[PDB]
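Below is one structure, written out as structure tokens; the observations come after it.
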């Protein structure tokens, strides 16, 4: 029961950790794409304000 | 260069002199504040190319346009 | 001054010295090759996204088209 | 705060128009 318990705990932790890392990796790349998208909007607003000027 | 007129034609108006904040919110220290205010002391006695250069940057095309348009209105009024 | 700093990214090159046995057109094309990696709009048109390309094209038009290029104001004022 | 405020005073005492619409805005 000891061996079985050690193996089980290690497994469930390994699985949940891997999932958490995957979640953080996805959220990072989300912000990376969003910054790129915000930057292009900002450039577009800059261009527009200059045209009015 | 432009310079100030003679005393009897000098149209004075009261200015609300700002309360002094801490040096960190200006040039950084008392020594630096004093150093820089001396540096820019030279520029207070006339208006010329350096002032016009600064005005140009800070106003941009839109600021210049509105100032020109408004100067025209002052002239039209006078 | 803005336009002078824009020049290298806008393909604009100054006249080069021609030694005997060389042509003005021969070296100007050869110098254009050297600074081709700095030509902004073509590089983005090559490697950038439709969004990047459109922003750069708009940006380029704003950078090259200044008042000093062929326009004046004082006449209109008067 | 009060101790320093009444120490600055201790040292100070023992020592010595219708032309443009933009204007309205």
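We place every Cβ from the backbone using ideal geometry, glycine too, and count neighbours over all the protein chains shown. No lab work stands behind these numbers, since they all come straight from the coordinates.
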Pairs, please: C-beta under 6 Å, at least 6 apart or cross-chain, first residue at the interface with another protein chain (Cβ under 9 Å from one of its Cβ atoms) and in the stretch C:48-68, second in a helix (DSSP H, G or I)? C:51/A:40; C:52/C:44; C:55/A:43; C:58/A:47; C:62/A:50
Any hit, the stretch A:24-42, residues being more than 30 Å from residue C:55 (Cβ to Cβ), more than 14 Å from chain B (Cβ to nearest Cβ) and out of contact with any strand residue (DSSP E or B) (no Cβ under 6 Å at 6 or more places or on another chain): yes
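When the stretch B:23-34 is examined, which residues are found to be in a helix (DSSP H, G or I) and under 19 Å from the mean Cα position of the chain (by Cα)?
Going through the stretch B:23-34, the residues in a helix (DSSP H, G or I) turn out to be B:23-25, B:30-34.
The answer is B:33, B:34.
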